[PDB]
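First up is the structure itself, then whatever we jot down about it.
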There are 2 protein chains.
Amino acid sequence: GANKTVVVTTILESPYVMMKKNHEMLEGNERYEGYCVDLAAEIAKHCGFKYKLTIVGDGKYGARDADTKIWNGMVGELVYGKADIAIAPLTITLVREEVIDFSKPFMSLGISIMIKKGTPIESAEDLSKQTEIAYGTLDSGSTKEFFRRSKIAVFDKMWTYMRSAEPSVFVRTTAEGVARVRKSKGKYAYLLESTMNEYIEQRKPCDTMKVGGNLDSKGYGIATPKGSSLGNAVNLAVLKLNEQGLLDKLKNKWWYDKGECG
Amino acid sequence: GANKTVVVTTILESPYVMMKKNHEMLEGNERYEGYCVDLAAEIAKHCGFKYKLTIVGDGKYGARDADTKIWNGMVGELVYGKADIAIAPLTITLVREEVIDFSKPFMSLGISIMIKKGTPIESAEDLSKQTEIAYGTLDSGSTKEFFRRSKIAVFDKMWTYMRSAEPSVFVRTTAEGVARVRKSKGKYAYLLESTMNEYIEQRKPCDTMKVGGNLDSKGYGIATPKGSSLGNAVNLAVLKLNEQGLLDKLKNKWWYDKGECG
Ligand SMILES: N[C@@H](CC1=CCCCc2onc(O)c21)C(=O)O
Ligand SMILES: N[C@@H](CC1=CCCCc2onc(O)c21)C(=O)O
């Protein structure tokens, strides 16, 4: 049939997608800015479709409830046919790959440790061997799931620690984890994806830092419903954008050109 | 029909696939060792197939001849139905993606600069602004193609330089590029994928090093003929192996545990 506007599901997560200050004076896609807004425009240009950015109803990335078997977040929007594509910092995982399609990575990343500057921690092993400095993750998402599923000895011990720590070491949002780091006088470390750690490191008041190597290696992908006809074009678009250096340009723009820490 | 042995095409490229010293006293897959041999065994175990490692006829990764339109190397073996899967340090590129299927990356990497220790070069920009130190790439493969296709100003200038340099700055094999670096008294730098640069850096006589950041960001994938029924299982296997930390274990085994430079 006739072409339709492609419904893009995304999430408000700086610097990937933010509402512009002057959003009330703008309409539609122009209300938003960020790395994923720019990426969505580049993909659309290359694939020759028109699209509407929509924010995921429940503010979640995507996980399957263990009892009800229902997928939430952006994954759920794709699975249940509420959106045609997800363009977001959405991690390619095994469990998600089984239910939706993903492009090859548009960004490479790993779980990493955020500390308040001066915190005497250099590695995950360091965290795992102590409890003076509390540490946690988002209360949902691929980072939490990594620890929950991990059989690697250090990570398995960290998960048992995080699951049992009081008060709770889990945070509802990246902003909440960052503010907890900044407010805890070195007694909370935050486990989050390296690209987000890197972004925060260039934000005022420049009091956090990424420490140690990454715990794992993975990527974000553009996601579509399994079998979607859009999947192919979009994947080739990501590959072309990467090869042309445009993804590297988008990262520099949102991380470093706009950096507040010198 | 009845299950058949899966024909795996691969390439002799240390440390991914090497003939064992005592190969004449062994049979079949046991003749070979390396990161990709170990990876192939893990994939096969997870996917429940039997397989035969075979070395690509022409010793090439895969490129399309501009006139004849014929694909060579491992890509060609897949395209023309001579092999069922390629398990090798085979880069996911746009042009290859259009003709074969790839898993999500099993290794992340970027083009990088190899120098003889002491060479006064720190970056691609440094190379591009001079000619005293010659520099080149493999005479075929994704690194050569990156420069040939690139419109990024520094890389475009490097390509014109490499295409016009005399004597030729192109090498037929990684071993040839490495030996040229080691034999040129600091007057040749070699552009090659970062993981190979890293591997050589841990080999005697420990006289090379990787310098500067990577020029790009990409990944190696397991490749199958477009539409192959094997593609799905194999992709989920790579994702599982990554999440379990087994890919990181394989890299440590072949790069660092076996390292000769301390
Ligand atoms: N990429 C994660 C979610 C996430 C989003 C914001 C960036 C940092 C981060 O760190 N751990 C996570 O789970 C996250 C996912 O796809 O579940
Ligand atoms: N991965 C490359 C080929 C290649 C193989 C050996 C490792 C280092 C390397 O550096 N530049 C290349 O093209 C290579 C390809 O898929 O074309």
Side-chain angles (χ1 to χ4, degrees), chain A residues 11-17 36 59-63 72-75 86 88-93 95-96 102 107 109-112 114 136-147 170-171 173-175 177-178 190-200 215-216 218-221 223, chain B residues 11-17 36 59-63 72-75 86 88-93 95-96 102 107 109-112 114 136-147 170-171 173-175 177-178 190-200 215-216 218-221 223:
Chain A
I11 191 164
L12 293 169
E13 185 75 72
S14 313
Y16 297 95
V17 182
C36 287
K60 293 185 175 149
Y61 286 89
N72 63 26
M74 291 178 285
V75 179
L90 179 69
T91 301
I92 299 165
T93 66
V95 301
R96 293 169 175 167
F102 282 108
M107 174 175 279
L109 58 131
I111 290 162
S112 70
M114 175 184 296
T137 67
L138 272 193
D139 70 10
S140 59
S142 56
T143 291
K144 185 166 182 208
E145 297 301 337
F146 171 85
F147 285 98
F170 301 103
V171 292
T173 62
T174 301
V178 173
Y190 183 48
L191 286 151
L192 80 168
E193 290 169 335
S194 55
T195 41
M196 184 55 73
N197 204 346
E198 284 159 351
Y199 167 72
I200 298 296
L215 284 58
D216 70 357
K218 53 213 175 179
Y220 295 149
Chain B
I11 191 164
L12 293 169
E13 185 75 72
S14 313
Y16 297 95
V17 182
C36 287
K60 293 185 175 149
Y61 286 89
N72 63 26
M74 291 178 285
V75 179
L90 179 69
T91 301
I92 299 165
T93 66
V95 301
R96 293 169 175 167
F102 282 108
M107 174 175 279
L109 58 131
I111 290 162
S112 70
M114 175 184 297
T137 67
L138 272 193
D139 70 10
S140 59
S142 56
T143 291
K144 185 166 182 208
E145 297 301 337
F146 171 85
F147 285 98
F170 301 103
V171 292
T173 62
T174 301
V178 173
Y190 183 48
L191 286 151
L192 80 168
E193 290 169 335
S194 55
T195 41
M196 184 55 73
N197 204 346
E198 284 159 351
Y199 167 72
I200 298 296
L215 284 58
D216 70 357
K218 53 213 175 179
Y220 295 149

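By convention in this document, chain letters (A, B, ...) are assigned in the order of the sequence lines, proteins followed by strands, and residues within each chain are numbered from 1. Every number for a ligand or one of its atoms is a count from 1 in the order of the listing. Heavy atoms only: backbone and side chains are in, while hydrogens, waters and symmetry mates are out.
- No side-chain heavy atom of B/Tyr190 sits under 4.5 Å from any side-chain heavy atom of B/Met196.
- Counting the atoms of ligand 2 from 1 in the order shown, those under 4.0 Å from a heavy atom of B/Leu90 are 16 (O).
- A/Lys144 places a side-chain N or O within 3.5 Å of a backbone atom of A/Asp139 that can act as its donor or acceptor partner.
- You'll find the side chain of B/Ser112 reaches within 4.5 Å of the side chain of B/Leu192, heavy atoms only.
- Of the N or O atoms in A/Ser140, none lie within a sub-3.5 Å distance of an N or O in ligand 1.
- Every atom of ligand 2 is numbered from 1 in the order shown, and the set under 4.0 Å from a heavy atom of B/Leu192 is 10 (O), 11 (N).
- Between A/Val171 and A/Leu138, some side-chain heavy-atom pair lies under the 4.5 Å cut-off.
- When the heavy-atom distances from atom 2 (C) of ligand 2 to B/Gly62, B/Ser142, B/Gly141 are ranked, the shortest goes to B/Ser142.
- For atom 11 (N) of ligand 1, the nearest non-hydrogen atom of the protein is A/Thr143 OG1, 2.6 Å.
- Closest to atom 9 (C) of ligand 2, if we only count protein heavy atoms, is B/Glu193 OE1, 3.4 Å.
- Taking a 4.0 Å cut-off on heavy atoms, A/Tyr16 fails to register as neighbouring ligand 1.
- For A/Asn72 (side chain) and A/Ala63 (main-chain N/O), a donor-acceptor pair under 3.5 Å exists by modelled atom type.
- One option in A/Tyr199, A/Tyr61, A/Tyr220 has a heavy atom closer to atom 3 (C) of ligand 1 than any other, and that option is A/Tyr61.
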TODO: Assess whether side chain to side chain donor-acceptor pair (under 3.5 Å) is satisfied between A/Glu145 and A/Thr93, documenting all intermediate values.
DONE: CA-CA 10 Å; A/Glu145 297 301 337; A/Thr93 66; over 6 Å; no

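- Judged purely by atom type and a 3.5 angstrom limit, A/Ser194 uses its side chain to pair as donor or acceptor with the backbone of A/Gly110.
- Side-chain N or O atoms of B/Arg96 include none that pairs as donor or acceptor with a backbone N or O of B/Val75 at under 3.5 Å.
- Contacts of B/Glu13 with ligand 2, taken as heavy-atom pairs under 4.0 Å, involve the side chain alone.
- Heavy atoms of B/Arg96 approach ligand 2 to within less than 4.0 angstrom.
- Residue B/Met196 has at least one heavy-atom neighbour below 4.0 Å for each of these atoms of ligand 2: 7 (C), 8 (C).
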